[PDB]
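Just the one chain here, the form deposited in one PDB entry, laid out as structure tokens.
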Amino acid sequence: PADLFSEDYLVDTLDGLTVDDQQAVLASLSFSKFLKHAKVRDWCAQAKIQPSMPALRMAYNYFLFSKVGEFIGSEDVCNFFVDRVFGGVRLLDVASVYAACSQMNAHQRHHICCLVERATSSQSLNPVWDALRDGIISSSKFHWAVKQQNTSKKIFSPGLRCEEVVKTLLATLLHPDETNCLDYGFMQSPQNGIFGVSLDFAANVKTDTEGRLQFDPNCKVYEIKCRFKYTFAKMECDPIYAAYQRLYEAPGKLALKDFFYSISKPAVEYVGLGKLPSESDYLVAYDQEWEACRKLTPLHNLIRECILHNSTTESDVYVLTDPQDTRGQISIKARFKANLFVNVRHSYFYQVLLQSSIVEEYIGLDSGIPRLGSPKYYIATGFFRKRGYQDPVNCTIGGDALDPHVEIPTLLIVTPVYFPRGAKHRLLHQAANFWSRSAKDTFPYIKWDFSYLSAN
């Protein structure tokens, strides 16, 4: 194990262990192991001590980054606590660190969370990624925290190649004339410290003077998914390929339907009037033209409201050029609208819902005159094909070369997602209640004061 309270240098702790064992040391730097440590337990045993969120999460961030900052090359987080939060003193004990963190304002917490985001922008390549995400309801767990709450996931512990291709498509083909961000770290909520997200891609988002992210009030945020069930090869007997050929030569909604229904578990579901969508995939059609063959009750009022707000703006479909024709270049061949909409019951709806809440929280804390407009949210779905013997070695999107070991993108669908306010408020409240119950049962020796948390 590693000691967040030890004064030993992490580089020395890790020196002389296998990479396997180093991974274990780093996993031990989690919020859960922090709260389980003898020194937190001892502090928490006192009658006067009733720890609050987000203050205890801020305290953890300090100890975490004091331990790991040098190893991951970002001493900015620790410097800020010491200089701006601790009055210039290098605090080492949990009682003092906690007290000073308890005295932070929302702009200081915002600043810390922004520095942490910047320190973690390489996401799962960063050795502290897994440890930092512990104890937090992240956007990939948000549906589970609201609707499931079972042992399929945990709050506390006490593929990527194709996603990168889709980012390149968004950046190069959809937003060539704009400032975009391709690499986002982990953004904790500065107001509660129980929620957090990382984003896949955003357009109209920049680094500011020193040296954090700036979301424009009108930025465009995209969650990227890849549909591996639809990966085909240009072979004689391949039924997906058959449907793809038709779509490529004649881009439109009918060719698209045949493509969707060329597999046994289709990504699109027809949902009739007053009927409850299943959770099976994340696109739904409300028009009978997509049919190729449970009612909403009065208690599904939140679902009804979400459908109401997600049944107007259509998806954009981008058919890409085939690099077997162009010997390399992949650009937009054709573009068309499809009456396909987000499934408001699907876990991806809940994922973007939480990313919207965190993005809007950070925009709210940003200094400056508030401007007219709110950000827009999308799911960007990529579809792919195997490389064949006659495909070029070197494919490109704009300047960017594709790794020769990644599949070729064929199709991009961009689907808008809208979030009614009352609906977001209810779901975040249920998830926060589940966080609080789970914190009390997991760390029952902590006299949690959730007064501040329920204010948020």
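Heads up: residue numbers just count along the shown sequence, starting at 1. We call the rigid core the largest set of C-alpha positions that still match within 1.5 Å between the two forms.
Only in words, not in the display: the form deposited in another entry, which the text now covers.
When the rigid core of both forms is overlaid, which of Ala106, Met235, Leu182, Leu308 is the one whose C-alpha moves 2 angstroms or more between this form and the one not shown?
Looking at each option in turn, only one qualifies, and it is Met235.
On a core-based superposition, does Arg345 travel 2 Å or more at its Cα between this form and the one not shown?
Comparing the forms between this form and the one not shown, which are aligned on their rigid core, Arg345 does not shift its C-alpha by 2 Å or more.
My question is whether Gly422 is one of the residues whose C-alpha shifts by 2 Å or more between this form and the one not shown, given a fit on the rigid core.
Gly422 C-alpha, core-superposed: shift of less than 2 Å.
Superposing on the rigid core, is the Cα displacement of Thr13 between this form and the one not shown 2 Å or more?
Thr13: C-alpha displaced by 2 Å or more between this form and the one not shown.
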